[PDB]
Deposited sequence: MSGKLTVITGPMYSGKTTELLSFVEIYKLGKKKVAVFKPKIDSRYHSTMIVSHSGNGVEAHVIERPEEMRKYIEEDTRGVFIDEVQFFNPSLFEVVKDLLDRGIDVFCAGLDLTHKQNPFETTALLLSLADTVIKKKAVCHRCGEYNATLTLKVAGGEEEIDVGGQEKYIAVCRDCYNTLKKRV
């Protein structure tokens, strides 16, 4: 059967970098891959199919696809759980990267569902913006409104450890 590996953690924790490392491993082994991002390059702080609904993946999966790679999974509809389950049942390995928690420390539900299904969970850490320790597990929003769905980078979000998050809040 296919195995599901979920790579999660706060922003800047190396989730996309790890995901791309896995893509490279499959490519080096001459295994066909399909790479997806929500609505073209997967960029760290490769080319992907940009899709809206998880079900669109099926358009781009071939008989000999061995691995499916999905970035920013927190932005996908939770139906991604059942789509992934079906890929695993068909012998296709799946690798997902995404945020575990919003900047308000609420779960991203799609990520949470995938963590449930995962054969392996890799929790990544970032360097804390405040204290410089390699212990950041949260993201804090420093600009924009309070919205939990709000695309952005270092102008809007910083990685912090739990103590620094509580101090700053």
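- Item | Deposited positions lacking CA coordinates | 1, 41-47, 54-57, 182-184 are the stretches of the deposited chain that have no C-alpha coordinates in the structure.
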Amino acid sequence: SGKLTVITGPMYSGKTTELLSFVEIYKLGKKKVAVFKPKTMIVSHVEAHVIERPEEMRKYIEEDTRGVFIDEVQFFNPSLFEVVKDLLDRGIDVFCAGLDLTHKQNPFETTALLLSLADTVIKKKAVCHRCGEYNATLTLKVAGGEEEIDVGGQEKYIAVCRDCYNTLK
From here on, numbers count along this sequence of modelled residues.
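- If we scan the other compared entries, does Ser44 go without coordinates in at least a third? It is, since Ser44 is left out of at least a third of the other entries that model both flanking stretches.
- In a third or more of the other entries compared, is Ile158 missing its coordinates? No, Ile158 is modelled in every one of the other compared entries that cover both of its flanks.
- Query: If you average the Cα B factors in the entry, which is higher, 111-119 or 27-35?
  - Reply: Mean CA B-factor is higher for 27-35.
- Message: Tell me which stretch has the larger mean Cα B-factor in this entry, 95-103 or 81-89.
- Response: The entry gives the higher C-alpha B-factor average to 81-89.
- Going by the entry, which third of its chain does the Cα temperature factor of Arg130 land in? Its C-alpha B-factor belongs to the highest third of this chain's values.
- CA B-factor placement of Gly153, once the chain's modelled residues are sorted into thirds: Middle third by C-alpha B-factor.
- Query: Among the modelled residues of its chain, does the C-alpha B-factor of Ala136 lie in the lowest, middle or highest third?
  - Reply: Its C-alpha B-factor, which the entry lists for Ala136, ranks in the lowest third among residues of this chain.
- Message: Per the entry's values, where does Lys124 land by CA temperature factor relative to the rest of its chain, in the lowest, middle or highest third?
- Response: Lowest third, going by the recorded CA B-factors of the chain.
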